[PDB]
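In terms of PDB author numbering, the sequence shown is residues 27 to 57, 59 to 238, 240 to 289. Some notes on the structure that comes next.
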Amino acid sequence: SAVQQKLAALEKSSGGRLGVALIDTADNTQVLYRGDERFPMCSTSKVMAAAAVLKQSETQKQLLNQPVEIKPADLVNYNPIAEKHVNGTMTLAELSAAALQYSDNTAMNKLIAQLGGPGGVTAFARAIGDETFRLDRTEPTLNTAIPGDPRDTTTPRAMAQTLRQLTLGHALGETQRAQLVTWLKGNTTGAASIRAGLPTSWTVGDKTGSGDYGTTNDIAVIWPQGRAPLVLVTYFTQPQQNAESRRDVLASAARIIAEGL
Ligand SMILES: *[B@@]1([O])O[C][C]([C][O])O1
């Protein structure tokens, strides 16, 4: 289609490898570009860790208010929020919000620990029918994004379907789902990515990701004003280990998708 031609041309212009999956919940149609290829998730994996804890809170009604101690040893490479609470505590809700809205790596590692390790995050994926998602490492090493390395990867198709279920479907309880949507809508790191390719009137909840090999990711739920919502996943990675982030590519891919709806 016209859109796949333009996405292919965008990819060629960028020098990297682009993965796109759009789900139009209006008619359940899908637009895929390298939709079944594996990409490093980087911090887009934090959505799965947060959703897994949310699922736990369906039975442990007070779980999200459980305080968790932040020790100096817990601090890794990027902890904008956890930094503010060293030698203090953060609730599991505050850590979930920090992981999603500020991409705090210490917060993500606490969520993984709460779930019993990376295997616990991956287990949740399988429980909701995602057989592609795999989380193998903790922060920060899950961002190495080595070409061909299957660790800590998923496919755009798989992530789009799963994000739909978590935010628009009923993989989570009603209150948990709404909390996840609220967190995603208040993301602070996505202004230059998918959001930048879309009309300013559209409401967007997203989670960005970045890592080595210039890996630049964004996954988003989109609520156009007066229209069925959309799920859009954009994954991008490059052949040089030290390549710069290319959020402009994500914005351009979203703009190309928006043209047509
Ligand atoms: B994720 O990918 O988003 C930011 C941090 C950087 O290490 O991880």
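Ideal Cβ placement from N, Cα and C applies to all residues, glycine included.
{"Item": "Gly-238 versus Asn-170 - alpha carbon distance", "Value": "5 angstroms"}
{"Item": "Beta-carbon gap between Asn-92 and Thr-118 smaller than 8 angstroms", "Value": "yes"}
{"Item": "For ligand 1, residues whose Cβ lies under 7 angstroms from any non-hydrogen atom", "Value": "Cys-69, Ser-70, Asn-104, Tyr-105, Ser-130, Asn-132, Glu-166, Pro-167, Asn-170, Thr-235, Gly-236, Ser-237, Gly-238"}
{"Item": "Closest residue to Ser-39 among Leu-278, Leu-195, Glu-85, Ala-185 (Cα-Cα distance)", "Value": "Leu-278"}
{"Item": "Whole-angstrom C-beta distance between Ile-49 and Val-259, which should lie under 8 angstroms", "Value": "4 angstroms"}
{"Item": "Nearest candidate by alpha-carbon position, reference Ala-78, set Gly-236, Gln-253, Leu-207", "Value": "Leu-207"}
{"Item": "Residue nearest to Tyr-263 in terms of C-alpha spacing, selected from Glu-201, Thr-215, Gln-141, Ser-72", "Value": "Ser-72"}
{"Item": "Whole-angstrom C-beta distance between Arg-161 and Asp-176, which should lie under 8 angstroms", "Value": "About 11 angstroms separates the two Cβ atoms, so there is no contact after all."}
{"Item": "Three-state secondary structure (DSSP) of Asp-163", "Value": "coil"}
{"Item": "Sheet register partners of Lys-234 (DSSP bridge)", "Value": "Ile-247"}
{"Item": "Neighbourhood of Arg-164 by C-beta distance below 7 angstroms, restricted to the same chain and skipping five residues each side", "Value": "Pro-145, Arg-178, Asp-179"}
{"Item": "Residue span of the alpha helix (DSSP H) that contains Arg-153, given as start and end", "Value": "145–154"}
{"Item": "With 16 other Cβ atoms within 10 Å as the buried cut-off, status of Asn-270", "Value": "exposed"}
{"Item": "Under the three-state DSSP convention, the category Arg-43 falls into", "Value": "strand"}
{"Item": "Stretch-stretch touch, CB-based, cutoff 8 angstroms, three pairs: the stretch 210–226 with the stretch 280–287", "Value": "yes"}
{"Item": "For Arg-61, the nearest candidate out of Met-186, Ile-173, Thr-215 (CA to CA)", "Value": "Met-186"}
{"Item": "Residue interval of the beta strand (DSSP E) (run including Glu-201)", "Value": "Careful: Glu-201 lies outside any beta strand (DSSP E), inside the alpha helix (DSSP H) at 201–212."}
{"Item": "Helix, strand or coil at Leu-102 [DSSP, three-state]", "Value": "coil"}
{"Item": "Exposure of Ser-280, with buried meaning 16 or more beta-carbon neighbours within 10 Å", "Value": "buried"}
{"Item": "Residue interval of the beta strand (DSSP E) (run including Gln-192)", "Value": "Per DSSP, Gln-192 belongs to no beta strand (DSSP E); it is in the alpha helix (DSSP H), 183–194."}
{"Item": "Distance, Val-231 Cα to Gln-31 Cα", "Value": "25 angstroms"}
{"Item": "Buried versus exposed call for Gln-188 [16 or more other C-beta atoms within 10 Å across all chains shown]", "Value": "buried"}
{"Item": "Integer Cβ distance of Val-74 from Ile-247, believed to fall under 8 angstroms", "Value": "7 angstroms"}
{"Item": "Which residues DSSP lists as bridging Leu-59, in chain order", "Value": "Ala-47"}
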